[PDB]
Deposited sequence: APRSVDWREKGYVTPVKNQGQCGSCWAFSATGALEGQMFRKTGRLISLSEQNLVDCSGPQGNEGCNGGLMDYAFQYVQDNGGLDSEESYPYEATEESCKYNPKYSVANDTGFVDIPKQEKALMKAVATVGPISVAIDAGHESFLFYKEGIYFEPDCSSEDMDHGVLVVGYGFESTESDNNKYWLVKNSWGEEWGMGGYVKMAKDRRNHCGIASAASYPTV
């Protein structure tokens, strides 16, 4: 696997979005992964509708603003036969009736792949696939108020995750020791973190569970 990867550089990644006061991080994580796989497939980067996922993917197990899972979102897209663009179906930050319209579908998927629960497997997936949906333990004030640098939380769990995000790459800080990170796109707007991103500690014992529930859609 290369020593660093940043799929933003290759065109795979839309600007940072903001989920607002809705428990829809899973929908943002899933749209980010499918944005990347649709870009690999077609060469077009098209922002996808989280609202479509929030409003419509109850049968697959999602719960709107009460949470959900990226794999359930990928199963919805396969069952539904499509997913609308963000432009056609903009984000409202509350769970509403389903308004999917196939005319405005711009993405599809054929299922999903669950990555083995190990950081080396995650690294190989990031290097060979594109952006990867992951779950993390974000439930510390240190993450809420993260500003810059490598995030390392000694109380983080590797087994109990509570937030869905997107790994867009990995690398290292030049600067001392234990300097590797996962480049993670959050859905808390651009003013959180580093332009909306967090450098997450890498190869530190599966810090915050980043490799424990990683997946991506097949297209």
Legend entry - Regions of the deposited sequence not represented in the model: 176
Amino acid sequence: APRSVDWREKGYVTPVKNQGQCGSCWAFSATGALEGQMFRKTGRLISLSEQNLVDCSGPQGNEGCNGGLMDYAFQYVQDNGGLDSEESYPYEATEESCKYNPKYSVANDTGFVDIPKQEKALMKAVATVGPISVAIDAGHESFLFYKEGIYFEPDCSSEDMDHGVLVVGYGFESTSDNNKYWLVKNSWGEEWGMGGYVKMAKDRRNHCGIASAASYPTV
From here on, numbers count along this sequence of modelled residues.
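Each form is matched to the other, and the largest set of C-alpha atoms that superpose within 1.5 Å is called the rigid core.
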Inset, instruction - On a core superposition, give the stretch, 166-174 or 42-50, with the larger average C-alpha separation from this form in 4 other deposited structures of this protein (RMS over structures and residues). - result: 166-174
Inset, instruction - Taking the mean of the C-alpha B-factors per stretch from the entry, tell me the winner out of 3-11 and 208-216. - result: 3-11
Inset, instruction - May I ask you to compare 145-153 and 87-95 by their mean CA B factor in the entry and name the higher one? - result: 145-153
Inset, instruction - Please pick out which of 194, 165, 34, 183 has the largest Cα B-factor as recorded in the entry. - result: 194
Inset, instruction - Name the one of 187, 176, 49, 62 with the greatest CA B-factor according to the PDB entry. - result: 176
Inset, instruction - Sort the modelled residues of this chain by their C-alpha B factor and say whether residue 70 lands in the lowest, middle or highest third. - result: lowest
Inset, instruction - Comparing against every modelled residue in the chain, figure out the third that the C-alpha B-factor of residue 130 lands in (lowest, middle or highest). - result: lowest
Inset, instruction - Ordered by C-alpha B-factor within the chain, which third holds residue 172? Give me lowest, middle or highest, please. - result: highest
Legend entry - residue 161 - Cα temperature factor, lowest/middle/highest third of chain: highest
